[PDB]
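Structure below is query.cif: mmCIF, N, CA and C atoms.
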data_structure
loop_
_atom_site.group_PDB
_atom_site.id
_atom_site.type_symbol
_atom_site.label_atom_id
_atom_site.label_comp_id
_atom_site.auth_asym_id
_atom_site.auth_seq_id
_atom_site.Cartn_x
_atom_site.Cartn_y
_atom_site.Cartn_z
ATOM 1 N N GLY A 68 168.456 119.214 8.024
ATOM 2 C CA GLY A 68 168.490 118.253 9.110
ATOM 3 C C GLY A 68 168.074 118.860 10.436
ATOM 4 N N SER A 69 168.466 118.214 11.529
ATOM 5 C CA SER A 69 168.124 118.693 12.863
ATOM 6 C C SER A 69 169.367 118.777 13.744
ATOM 7 N N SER A 70 169.406 119.789 14.606
ATOM 8 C CA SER A 70 170.538 119.986 15.503
ATOM 9 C C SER A 70 170.886 118.692 16.233
ATOM 10 N N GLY A 71 169.891 118.105 16.890
ATOM 11 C CA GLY A 71 170.109 116.869 17.619
ATOM 12 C C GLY A 71 169.663 116.961 19.065
ATOM 13 N N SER A 72 170.556 117.430 19.930
ATOM 14 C CA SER A 72 170.250 117.562 21.349
ATOM 15 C C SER A 72 169.234 118.675 21.584
ATOM 16 N N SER A 73 167.970 118.291 21.739
ATOM 17 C CA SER A 73 166.901 119.255 21.967
ATOM 18 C C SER A 73 167.346 120.341 22.942
ATOM 19 N N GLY A 74 167.983 119.924 24.033
ATOM 20 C CA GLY A 74 168.451 120.871 25.026
ATOM 21 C C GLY A 74 169.288 121.981 24.421
ATOM 22 N N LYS A 75 169.100 123.200 24.916
ATOM 23 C CA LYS A 75 169.844 124.351 24.419
ATOM 24 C C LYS A 75 169.593 125.578 25.290
ATOM 25 N N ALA A 76 170.507 126.540 25.226
ATOM 26 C CA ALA A 76 170.382 127.765 26.006
ATOM 27 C C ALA A 76 169.844 128.908 25.151
ATOM 28 N N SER A 77 170.631 129.324 24.164
ATOM 29 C CA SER A 77 170.234 130.412 23.278
ATOM 30 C C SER A 77 169.001 130.029 22.465
ATOM 31 N N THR A 78 168.516 130.969 21.659
ATOM 32 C CA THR A 78 167.341 130.732 20.830
ATOM 33 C C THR A 78 167.650 130.970 19.357
ATOM 34 N N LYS A 79 166.948 130.255 18.486
ATOM 35 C CA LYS A 79 167.145 130.389 17.048
ATOM 36 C C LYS A 79 165.819 130.642 16.338
ATOM 37 N N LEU A 80 165.811 131.624 15.441
ATOM 38 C CA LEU A 80 164.607 131.966 14.693
ATOM 39 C C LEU A 80 164.847 131.844 13.191
ATOM 40 N N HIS A 81 163.886 131.250 12.489
ATOM 41 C CA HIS A 81 163.992 131.073 11.046
ATOM 42 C C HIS A 81 163.076 132.048 10.311
ATOM 43 N N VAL A 82 163.554 132.561 9.181
ATOM 44 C CA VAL A 82 162.778 133.504 8.384
ATOM 45 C C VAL A 82 162.684 133.050 6.932
ATOM 46 N N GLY A 83 161.555 133.344 6.297
ATOM 47 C CA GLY A 83 161.359 132.958 4.911
ATOM 48 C C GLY A 83 160.882 134.111 4.050
ATOM 49 N N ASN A 84 160.934 133.926 2.735
ATOM 50 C CA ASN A 84 160.506 134.960 1.800
ATOM 51 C C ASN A 84 161.306 136.243 2.004
ATOM 52 N N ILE A 85 162.628 136.123 1.959
ATOM 53 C CA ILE A 85 163.506 137.273 2.137
ATOM 54 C C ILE A 85 163.721 138.009 0.819
ATOM 55 N N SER A 86 164.231 139.233 0.907
ATOM 56 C CA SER A 86 164.484 140.044 -0.278
ATOM 57 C C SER A 86 165.911 139.842 -0.780
ATOM 58 N N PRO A 87 166.125 140.112 -2.076
ATOM 59 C CA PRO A 87 167.441 139.968 -2.708
ATOM 60 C C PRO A 87 168.434 141.018 -2.224
ATOM 61 N N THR A 88 167.916 142.175 -1.820
ATOM 62 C CA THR A 88 168.758 143.261 -1.336
ATOM 63 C C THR A 88 168.844 143.253 0.186
ATOM 64 N N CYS A 89 168.122 142.330 0.810
ATOM 65 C CA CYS A 89 168.117 142.215 2.264
ATOM 66 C C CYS A 89 169.540 142.153 2.809
ATOM 67 N N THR A 90 169.832 143.004 3.789
ATOM 68 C CA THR A 90 171.157 143.047 4.394
ATOM 69 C C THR A 90 171.095 142.695 5.877
ATOM 70 N N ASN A 91 172.131 142.018 6.362
ATOM 71 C CA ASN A 91 172.194 141.620 7.764
ATOM 72 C C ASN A 91 171.928 142.810 8.680
ATOM 73 N N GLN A 92 172.491 143.961 8.325
ATOM 74 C CA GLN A 92 172.313 145.173 9.116
ATOM 75 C C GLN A 92 170.836 145.531 9.241
ATOM 76 N N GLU A 93 170.032 145.040 8.302
ATOM 77 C CA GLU A 93 168.600 145.309 8.307
ATOM 78 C C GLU A 93 167.853 144.268 9.137
ATOM 79 N N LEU A 94 167.974 143.006 8.741
ATOM 80 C CA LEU A 94 167.311 141.915 9.447
ATOM 81 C C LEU A 94 167.713 141.896 10.919
ATOM 82 N N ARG A 95 169.017 141.852 11.171
ATOM 83 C CA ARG A 95 169.530 141.831 12.536
ATOM 84 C C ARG A 95 168.903 142.943 13.370
ATOM 85 N N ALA A 96 169.147 144.187 12.969
ATOM 86 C CA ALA A 96 168.606 145.339 13.679
ATOM 87 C C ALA A 96 167.120 145.153 13.974
ATOM 88 N N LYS A 97 166.370 144.732 12.962
ATOM 89 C CA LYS A 97 164.936 144.515 13.110
ATOM 90 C C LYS A 97 164.646 143.584 14.284
ATOM 91 N N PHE A 98 165.468 142.549 14.430
ATOM 92 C CA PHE A 98 165.299 141.587 15.512
ATOM 93 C C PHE A 98 165.898 142.118 16.812
ATOM 94 N N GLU A 99 166.908 142.973 16.685
ATOM 95 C CA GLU A 99 167.569 143.552 17.849
ATOM 96 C C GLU A 99 166.603 144.429 18.641
ATOM 97 N N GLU A 100 165.532 144.862 17.984
ATOM 98 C CA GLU A 100 164.533 145.710 18.625
ATOM 99 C C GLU A 100 163.843 144.968 19.767
ATOM 100 N N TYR A 101 163.799 143.644 19.662
ATOM 101 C CA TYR A 101 163.165 142.818 20.682
ATOM 102 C C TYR A 101 164.166 142.423 21.763
ATOM 103 N N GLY A 102 165.310 141.896 21.337
ATOM 104 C CA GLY A 102 166.334 141.485 22.279
ATOM 105 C C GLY A 102 167.729 141.565 21.691
ATOM 106 N N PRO A 103 168.745 141.310 22.530
ATOM 107 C CA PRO A 103 170.148 141.350 22.108
ATOM 108 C C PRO A 103 170.505 140.200 21.172
ATOM 109 N N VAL A 104 170.321 140.421 19.874
ATOM 110 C CA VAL A 104 170.625 139.404 18.875
ATOM 111 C C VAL A 104 172.046 138.879 19.039
ATOM 112 N N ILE A 105 172.247 137.611 18.699
ATOM 113 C CA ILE A 105 173.561 136.988 18.807
ATOM 114 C C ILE A 105 174.260 136.942 17.453
ATOM 115 N N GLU A 106 173.647 136.247 16.500
ATOM 116 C CA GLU A 106 174.212 136.127 15.160
ATOM 117 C C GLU A 106 173.108 135.982 14.116
ATOM 118 N N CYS A 107 173.090 136.898 13.154
ATOM 119 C CA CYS A 107 172.086 136.875 12.096
ATOM 120 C C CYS A 107 172.717 136.506 10.757
ATOM 121 N N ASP A 108 172.013 135.688 9.984
ATOM 122 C CA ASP A 108 172.503 135.257 8.678
ATOM 123 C C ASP A 108 171.375 135.238 7.653
ATOM 124 N N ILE A 109 171.608 135.879 6.512
ATOM 125 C CA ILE A 109 170.611 135.935 5.451
ATOM 126 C C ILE A 109 170.818 134.811 4.442
ATOM 127 N N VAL A 110 169.722 134.333 3.861
ATOM 128 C CA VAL A 110 169.785 133.261 2.876
ATOM 129 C C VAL A 110 169.010 133.627 1.615
ATOM 130 N N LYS A 111 169.108 132.777 0.599
ATOM 131 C CA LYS A 111 168.415 133.009 -0.663
ATOM 132 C C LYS A 111 167.052 133.649 -0.426
ATOM 133 N N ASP A 112 166.098 132.846 0.032
ATOM 134 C CA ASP A 112 164.750 133.336 0.302
ATOM 135 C C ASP A 112 164.390 133.149 1.772
ATOM 136 N N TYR A 113 165.391 132.838 2.587
ATOM 137 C CA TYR A 113 165.180 132.630 4.015
ATOM 138 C C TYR A 113 166.314 133.243 4.830
ATOM 139 N N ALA A 114 166.256 133.060 6.144
ATOM 140 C CA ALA A 114 167.278 133.592 7.037
ATOM 141 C C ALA A 114 167.253 132.882 8.385
ATOM 142 N N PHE A 115 168.137 133.300 9.286
ATOM 143 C CA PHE A 115 168.217 132.703 10.613
ATOM 144 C C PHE A 115 168.803 133.689 11.619
ATOM 145 N N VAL A 116 168.006 134.045 12.622
ATOM 146 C CA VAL A 116 168.444 134.981 13.651
ATOM 147 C C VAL A 116 168.651 134.273 14.985
ATOM 148 N N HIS A 117 169.902 134.214 15.430
ATOM 149 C CA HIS A 117 170.234 133.565 16.694
ATOM 150 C C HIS A 117 170.008 134.513 17.868
ATOM 151 N N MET A 118 168.958 134.252 18.639
ATOM 152 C CA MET A 118 168.633 135.083 19.793
ATOM 153 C C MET A 118 169.308 134.551 21.054
ATOM 154 N N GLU A 119 169.260 135.339 22.123
ATOM 155 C CA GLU A 119 169.869 134.946 23.388
ATOM 156 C C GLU A 119 168.808 134.479 24.381
ATOM 157 N N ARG A 120 167.838 135.347 24.654
ATOM 158 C CA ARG A 120 166.765 135.025 25.587
ATOM 159 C C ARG A 120 165.476 134.696 24.839
ATOM 160 N N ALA A 121 164.813 133.623 25.257
ATOM 161 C CA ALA A 121 163.567 133.202 24.629
ATOM 162 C C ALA A 121 162.539 134.327 24.640
ATOM 163 N N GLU A 122 162.323 134.912 25.815
ATOM 164 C CA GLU A 122 161.363 136.001 25.959
ATOM 165 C C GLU A 122 161.451 136.964 24.780
ATOM 166 N N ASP A 123 162.664 137.166 24.278
ATOM 167 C CA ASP A 123 162.886 138.064 23.150
ATOM 168 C C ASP A 123 162.646 137.343 21.827
ATOM 169 N N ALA A 124 163.122 136.105 21.737
ATOM 170 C CA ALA A 124 162.959 135.309 20.528
ATOM 171 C C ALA A 124 161.484 135.116 20.193
ATOM 172 N N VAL A 125 160.721 134.621 21.163
ATOM 173 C CA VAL A 125 159.295 134.389 20.970
ATOM 174 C C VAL A 125 158.593 135.654 20.486
ATOM 175 N N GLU A 126 158.936 136.785 21.095
ATOM 176 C CA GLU A 126 158.338 138.062 20.726
ATOM 177 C C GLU A 126 158.738 138.460 19.309
ATOM 178 N N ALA A 127 160.040 138.449 19.042
ATOM 179 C CA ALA A 127 160.553 138.807 17.725
ATOM 180 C C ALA A 127 159.735 138.148 16.620
ATOM 181 N N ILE A 128 159.141 137.002 16.932
ATOM 182 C CA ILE A 128 158.330 136.274 15.964
ATOM 183 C C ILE A 128 156.915 136.840 15.895
ATOM 184 N N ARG A 129 156.195 136.755 17.009
ATOM 185 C CA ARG A 129 154.829 137.260 17.074
ATOM 186 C C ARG A 129 154.740 138.666 16.489
ATOM 187 N N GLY A 130 155.878 139.351 16.433
ATOM 188 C CA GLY A 130 155.907 140.700 15.896
ATOM 189 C C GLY A 130 156.370 140.738 14.453
ATOM 190 N N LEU A 131 157.478 140.063 14.172
ATOM 191 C CA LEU A 131 158.027 140.024 12.821
ATOM 192 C C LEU A 131 157.351 138.939 11.988
ATOM 193 N N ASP A 132 156.374 138.265 12.587
ATOM 194 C CA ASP A 132 155.645 137.205 11.899
ATOM 195 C C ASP A 132 154.692 137.787 10.860
ATOM 196 N N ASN A 133 154.940 137.469 9.594
ATOM 197 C CA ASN A 133 154.104 137.962 8.504
ATOM 198 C C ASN A 133 154.159 139.484 8.422
ATOM 199 N N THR A 134 155.372 140.029 8.440
ATOM 200 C CA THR A 134 155.563 141.473 8.368
ATOM 201 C C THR A 134 156.301 141.866 7.094
ATOM 202 N N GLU A 135 155.699 142.763 6.319
ATOM 203 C CA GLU A 135 156.301 143.223 5.074
ATOM 204 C C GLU A 135 157.720 143.732 5.311
ATOM 205 N N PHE A 136 158.703 142.890 5.007
ATOM 206 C CA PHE A 136 160.104 143.252 5.189
ATOM 207 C C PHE A 136 160.792 143.453 3.842
ATOM 208 N N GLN A 137 161.483 144.579 3.700
ATOM 209 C CA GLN A 137 162.187 144.893 2.462
ATOM 210 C C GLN A 137 161.230 144.877 1.273
ATOM 211 N N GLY A 138 159.952 145.125 1.546
ATOM 212 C CA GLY A 138 158.957 145.134 0.489
ATOM 213 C C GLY A 138 158.121 143.871 0.468
ATOM 214 N N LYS A 139 158.750 142.741 0.777
ATOM 215 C CA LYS A 139 158.058 141.459 0.792
ATOM 216 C C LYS A 139 157.902 140.942 2.219
ATOM 217 N N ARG A 140 156.779 140.282 2.485
ATOM 218 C CA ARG A 140 156.509 139.737 3.810
ATOM 219 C C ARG A 140 157.259 138.425 4.022
ATOM 220 N N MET A 141 157.879 138.286 5.189
ATOM 221 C CA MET A 141 158.631 137.078 5.515
ATOM 222 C C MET A 141 157.998 136.347 6.695
ATOM 223 N N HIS A 142 158.103 135.022 6.688
ATOM 224 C CA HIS A 142 157.541 134.205 7.758
ATOM 225 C C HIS A 142 158.603 133.875 8.805
ATOM 226 N N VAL A 143 158.364 134.307 10.039
ATOM 227 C CA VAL A 143 159.298 134.056 11.130
ATOM 228 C C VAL A 143 158.741 133.024 12.104
ATOM 229 N N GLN A 144 159.549 132.015 12.412
ATOM 230 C CA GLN A 144 159.137 130.961 13.332
ATOM 231 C C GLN A 144 160.347 130.333 14.017
ATOM 232 N N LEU A 145 160.088 129.373 14.898
ATOM 233 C CA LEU A 145 161.156 128.692 15.623
ATOM 234 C C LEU A 145 162.006 127.851 14.676
ATOM 235 N N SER A 146 163.293 128.171 14.602
ATOM 236 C CA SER A 146 164.213 127.446 13.732
ATOM 237 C C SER A 146 164.146 125.945 14.003
ATOM 238 N N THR A 147 164.411 125.564 15.249
ATOM 239 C CA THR A 147 164.383 124.160 15.639
ATOM 240 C C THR A 147 163.115 123.831 16.418
ATOM 241 N N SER A 148 162.451 122.748 16.027
ATOM 242 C CA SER A 148 161.220 122.326 16.686
ATOM 243 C C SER A 148 161.523 121.402 17.861
ATOM 244 N N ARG A 149 160.980 121.739 19.027
ATOM 245 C CA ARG A 149 161.193 120.940 20.229
ATOM 246 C C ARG A 149 159.903 120.245 20.655
ATOM 247 N N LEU A 150 159.918 118.917 20.631
ATOM 248 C CA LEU A 150 158.749 118.132 21.015
ATOM 249 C C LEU A 150 158.914 117.560 22.419
ATOM 250 N N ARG A 151 160.089 117.003 22.691
ATOM 251 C CA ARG A 151 160.375 116.421 23.997
ATOM 252 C C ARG A 151 161.270 117.344 24.820
ATOM 253 N N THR A 152 160.842 117.638 26.043
ATOM 254 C CA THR A 152 161.602 118.510 26.931
ATOM 255 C C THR A 152 162.592 117.712 27.770
ATOM 256 N N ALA A 153 163.696 118.350 28.143
ATOM 257 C CA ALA A 153 164.720 117.700 28.950
ATOM 258 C C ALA A 153 165.250 118.641 30.027
ATOM 259 N N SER A 154 165.328 118.141 31.257
ATOM 260 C CA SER A 154 165.814 118.939 32.377
ATOM 261 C C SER A 154 167.337 119.016 32.369
ATOM 262 N N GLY A 155 167.983 117.858 32.463
ATOM 263 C CA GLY A 155 169.434 117.815 32.464
ATOM 264 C C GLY A 155 169.992 117.117 33.689
ATOM 265 N N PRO A 156 170.053 115.778 33.635
ATOM 266 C CA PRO A 156 170.568 114.964 34.740
ATOM 267 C C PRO A 156 172.072 115.124 34.927
ATOM 268 N N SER A 157 172.588 114.590 36.029
ATOM 269 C CA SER A 157 174.012 114.676 36.328
ATOM 270 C C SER A 157 174.832 113.921 35.286
ATOM 271 N N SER A 158 176.141 114.153 35.291
ATOM 272 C CA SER A 158 177.037 113.499 34.345
ATOM 273 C C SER A 158 178.255 112.921 35.061
ATOM 274 N N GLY A 159 178.833 113.709 35.963
ATOM 275 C CA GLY A 159 179.998 113.259 36.701
ATOM 276 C C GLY A 159 179.855 111.836 37.200
#

Representation of the structure as structure tokens:
Amino acid sequence: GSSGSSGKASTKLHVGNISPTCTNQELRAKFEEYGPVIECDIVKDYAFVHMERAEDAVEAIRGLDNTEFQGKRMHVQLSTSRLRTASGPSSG
């Protein structure tokens, strides 16, 4: 599904074609090289790295994008797709 509220602060990155022996200590660290990772989670053949600053998230991709990881190459991209931008009007 989809998160919902396009608006967000932190960044999320999705990974595919993961290894069976892939460990968080590996994936996370790999992403930590770009920026201060928040929370990393490995999946069957995919994963998800929660970044803090976009500048780091965007890079972590252009770099870890199509990179032989754990022997097999994984595809890294934006976890959530944002089409419509939102500033953030008042609420009070």

Once the PyMOL selection byres ((chain A and resi 107-114) around 6) is applied to the coordinates I shared, what remains selected? I want it as a PyMOL selection string. chain A and resi 80-86+91+95+105-106+115-117

What are the centre and edge lengths in Å, to one decimal, of the axis-aligned box around all listed atoms of segment 140-148 of chain A with 8 Å added on each side, as JSON?
{"center_x": 160.5, "center_y": 130.8, "center_z": 10.2, "size_x": 23.9, "size_y": 34.9, "size_z": 31.4}

Could you give me, as a list in words, each residue of chain A that DSSP assigns to strand (DSSP E) when run on this structure's backbone?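 Selection result, strand (DSSP E) within chain A: residues 78, 79, 80, 81, 82, 83, 106, 107, 108, 109, 113, 114, 115, 116, 117, 118, 134, 135, 136, 139, 140, 141, 142, 143, 144 and 145 of chain A.
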
Contacts of segment 87-90 of chain A within 7 Å, only C-alpha atoms, excl. fewer than 3 positions in-chain, as a VMD selection string: chain A and resid 93 to 94 137

For atom CA of residue 143 of chain A and atom C of residue 131 of chain A, the interatomic separation in Å (one decimal):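 Value for the atom CA of residue 143 of chain A-atom C of residue 131 of chain A distance: 5.3 Å.
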
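If only C-alpha atoms are the atoms counted, then among A:79, A:147, A:70, A:101 the closest residue to residue 130 of chain A is A:101.
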
Counting all atoms listed in the file, the option among A:123, A:145, A:128, A:155 closest to residue 103 of chain A: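 That would be A:123, the residue with the smallest distance to residue 103 of chain A.
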
Applied to the shown file, which residues does the PyMOL selection byres (((chain A and resi 71 and name CA) around 12) and name CA) return, written as a count of residues only? 12

Please extract the residues of chain A with a backbone DSSP assignment of alpha helix (DSSP H) and present them as a ChimeraX atom specification. /A:91-99,121-131

Just to confirm, what's the straight-line distance from atom CA of residue 121 of chain A to atom CA of residue 78 of chain A in Å (one decimal)?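 Straight-line distance from atom CA of residue 121 of chain A to atom CA of residue 78 of chain A works out to 5.9 Å.
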
Separating atom CA of residue 100 of chain A from atom CA of residue 133 of chain A, to the nearest tenth of an Å, is a gap of 16.5 Å
